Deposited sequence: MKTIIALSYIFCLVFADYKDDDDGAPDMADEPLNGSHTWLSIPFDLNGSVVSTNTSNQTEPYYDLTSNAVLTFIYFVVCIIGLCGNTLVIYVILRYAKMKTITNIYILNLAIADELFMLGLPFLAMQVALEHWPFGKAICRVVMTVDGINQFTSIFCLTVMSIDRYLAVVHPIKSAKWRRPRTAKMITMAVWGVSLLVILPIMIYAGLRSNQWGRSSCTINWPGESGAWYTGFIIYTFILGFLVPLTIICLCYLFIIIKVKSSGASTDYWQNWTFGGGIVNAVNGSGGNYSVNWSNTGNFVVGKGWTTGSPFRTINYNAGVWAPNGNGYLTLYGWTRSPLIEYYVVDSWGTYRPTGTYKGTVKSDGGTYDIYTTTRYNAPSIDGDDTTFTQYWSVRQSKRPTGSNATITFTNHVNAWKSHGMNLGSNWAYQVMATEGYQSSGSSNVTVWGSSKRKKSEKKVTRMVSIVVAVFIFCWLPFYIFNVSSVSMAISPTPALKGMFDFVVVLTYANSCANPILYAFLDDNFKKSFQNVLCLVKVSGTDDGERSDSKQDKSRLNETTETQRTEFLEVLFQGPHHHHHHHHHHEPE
């Protein structure tokens, strides 16, 4: 009914967590406070999370003695103090995360309007509020923290039942679960749902998947991660495979990377699209296999470091997007040599479209445009990644990503705890070695959340990584 070894290893784990968390959080406070580079709005919130996590670790020694002994040695007064400091830091931790996500939501979705809300001085007022609000929310712990006898004949520091009624303890569980966990997370996740809706709503990412085969041979096409796709084809008839946009527009730039462009015979690596009113079919060909497409020569365009020929053809009794035996016109621009592949590359489409209307080639009802692999009576392989361009900087994409991962780790560490607590309300007082270790574990997992954050910043933020290596990496 008691496992001294299983108790000792858990007391050891408490102490390891305390150390790892005080190192990393001290490191995070130092680099933000010392270096000019780190003075960013987001880092005002991280600093406060770091100060909260730092103070959180300071209570761990006291609590480890209670894990090892199932006894509180330091009297009633220090019990109230530790429970009160512990609580303030618990709730300032998650309220900081909440405000931080609200800040990310404002930056992505309403950047122009909240130029005034994202000044350093008001983020400093916001964080002072966060500490104030926490102090109010933990007033119950303040009042009712105390000592309780246990079955071993010892005293535990816990929260005493107010008025000795299991009803008020139960209400306090519900209170802490709603304010400390459910309401912040609901705010954070709605914020991030609006962020990801918004981003996809821009043109930064592709939103269409083309995988059309007429039917002969094998066209093995993988719809990969994000804007990436691959195709393996052999002894085919006509096929076209690519990624792009469900509605095309003549002002969009297109970026791509042909990690593989390995045609064995006729296959075009090209941008491809249709229109209606009138029904035309357009191409900007950057590379090909054993055959270069052609038509009536009308001119040239220079773009993206290469020169293209302009061509036109006219199909009749030919397959379209409208019907199978229809008539339509094709507008080609075809590079003069094969553009190299294996590195990022642009197609500034409003260049090509303007030059066509010059030569009388003019495209109303827009249809899809994709960066495609086309083939005919050939074999080969390609691998391509496709993406627009954005108005928001890669540095702020990286910060916004990082907070989301910090939020996902928070959930992983604090959910077992709240699930146990909601259980405990249900008369679970059968203290057992199996459930008593379960409790000690599920609690130390909330503390280990403060160790993960500094490590998270080192792998997901370059400036935190550069600052850390500045301290930890020795030169001469």
| query | finding |
| --- | --- |
| In sequence order, the deposited-sequence ranges that have no modelled C-alpha atom | 1-61, 425, 539-589 |
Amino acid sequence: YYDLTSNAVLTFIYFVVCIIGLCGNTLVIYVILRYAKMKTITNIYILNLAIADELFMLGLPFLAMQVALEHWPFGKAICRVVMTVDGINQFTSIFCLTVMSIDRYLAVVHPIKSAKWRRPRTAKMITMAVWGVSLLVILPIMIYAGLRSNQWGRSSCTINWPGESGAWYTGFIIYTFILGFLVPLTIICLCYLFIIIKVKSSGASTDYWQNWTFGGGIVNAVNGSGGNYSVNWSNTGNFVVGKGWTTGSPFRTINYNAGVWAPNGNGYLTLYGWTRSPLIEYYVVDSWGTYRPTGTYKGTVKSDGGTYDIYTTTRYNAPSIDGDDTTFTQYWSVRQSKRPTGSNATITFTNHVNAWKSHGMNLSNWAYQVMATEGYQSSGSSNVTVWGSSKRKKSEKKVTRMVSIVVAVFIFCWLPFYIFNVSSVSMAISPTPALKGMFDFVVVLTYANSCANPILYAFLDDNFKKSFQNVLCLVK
From here on, numbers count along this sequence of modelled residues.
{"property": "167-175 versus 390-398 - greater average Cα B-factor per the deposited record", "result": "390-398"}
{"property": "Mean C-alpha B-factor comparison - 293-301 and 89-97, higher one", "result": "293-301"}
{"property": "Largest Cα B-factor, entry values, listed residues 363, 137, 189, 403", "result": "363"}
{"property": "Out of 28, 434, 55, 60, residue topping the C-alpha B-factor column of the entry", "result": "434"}
{"property": "Among modelled residues of the same chain, the CA temperature factor third for residue 442", "result": "lowest"}
{"property": "Lowest, middle or highest third - CA B-factor, residue 216", "result": "lowest"}
{"property": "Among modelled residues of the same chain, the CA temperature factor third for residue 375", "result": "lowest"}
{"property": "Within-chain third of residue 286 by Cα B-factor, per the entry", "result": "middle"}
{"property": "Position of residue 368 among the chain's modelled residues by C-alpha B-factor, lowest, middle or highest third", "result": "highest"}
